[PDB]
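For ligands, and for the atoms within them, numbers begin at 1 and follow the listed sequence. Note that the numbering runs from 1 along the sequence shown for the chain. Computed over heavy atoms, backbone and side chain alike; hydrogens, waters and symmetry mates excluded.
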Amino acid sequence: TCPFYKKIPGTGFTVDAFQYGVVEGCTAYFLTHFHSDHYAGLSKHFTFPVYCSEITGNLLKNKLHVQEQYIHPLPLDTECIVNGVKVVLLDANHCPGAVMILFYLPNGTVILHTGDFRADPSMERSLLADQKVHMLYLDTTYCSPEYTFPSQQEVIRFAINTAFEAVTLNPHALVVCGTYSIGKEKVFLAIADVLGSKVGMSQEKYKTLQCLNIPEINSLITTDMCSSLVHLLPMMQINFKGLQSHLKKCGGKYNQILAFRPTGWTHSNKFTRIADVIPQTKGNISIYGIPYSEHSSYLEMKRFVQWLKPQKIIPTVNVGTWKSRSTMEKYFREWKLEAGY
Ligand code: NI
């Protein structure tokens, strides 16, 4: 059965609620983004209206085979009426096609559901600036002050320079990048661009990337592995065993692998600056773990909430333990007292 924090009161609506069968009273099912914990349940047999972005719609249709008659794409930054209620979709600065949803309830209440987001000061000049928000359903993934990490821009700079240096010293090195879902595409795109190569990958991954409306994509990616010196592999294969094995397959073209594992936060963030990061190395293989986050840091989250000044906050992440819930409510009360709302 569907938990309370995925229901929108006073509407027939749910958010990211596909794993509970037919939800009683639900006339429209919203999907914030194409990540498996959120779409869990959807398939070609689904027969209720799905509301989402254009990109999320391309993924539903081509990867999960949802029939076209049930996919309702909405443009961003545009007031839309759905089953008699005004809604707006806002870019969430998460993965491609990820949105936040503003609902304008018939009784005058205004609700913002962030889905998964990486809060940015540029959100303070969207359609959020115009008006008041009574309830916030918040992505609280990293709602604790230990969670620090650099900007996405600093992380990409480190990856581009690392890769360019290696391959310039050794033109026979191959670069490999791990992936398990959409998001974080800039890692492998930025590296391929500095090296003047396409990104090589499996047919299934190429399919997924073709659904994302990335400009000039046919110029950037390929299924011909042999022509490419940046390859993508599943994240599970980014280890000394998996990579030795991949190197065997390349037919005596390369004599070194440099690989990148984009992760979220890891404890080595509590001591080490991005500039000071070093790989794990076995022979002619080196692996860099790099902290490329598509979720708010603690400071980014705090700044957004202090700016928005919501009357009530409902977390959507880390809700399963008493200690987590208690920790989150303490931070929300500090933020409110410090800022005066
Ligand atoms: Ni996500």
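At a cut-off of 2.8 Å, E294 does not coordinate the Ni ion (ligand 1) through any N, O or S atom. Among the backbone and side-chain atoms of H295, no N/O/S atom is found under 2.8 Å from the Ni ion (ligand 1). Look at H38 and the Ni ion (ligand 1): no N/O/S atom of the residue is under 2.8 Å from the metal. With a cut-off of 2.8 Å, the Ni ion (ligand 1) has no N, O or S atom of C95 in range.
Nearest to the Ni ion (ligand 1), among the N, O or S atoms that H35 has, is ND1. When the N, O or S atoms of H94 are ranked by distance to the Ni ion (ligand 1), NE2 comes first.
Side chain to side chain, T27 and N83 meet the donor-acceptor criterion of an N or O pair below 3.5 Å. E338 and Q306 share a side-chain donor-acceptor pair at under 3.5 Å.
For the pair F117/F304, a side-chain contact is recorded, criterion being any heavy-atom separation below 4.5 Å from C-beta on.
Contact check on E294 versus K184 returns no salt bridge, with no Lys/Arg side-chain nitrogen under 4.0 Å from an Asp/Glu carboxylate oxygen. We find that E334 and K302 are not joined by a salt bridge, their nearest charged nitrogen and carboxylate oxygen being 4.0 Å or further apart.
Taking the six-membered ring for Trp and the full ring otherwise, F30 and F103 have centroids separated by under 6.0 Å.
With the Ni ion (ligand 1) as the vertex, atom OD2 of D116 and atom NE2 of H33 span an angle of 90° (nearest 10 degrees).
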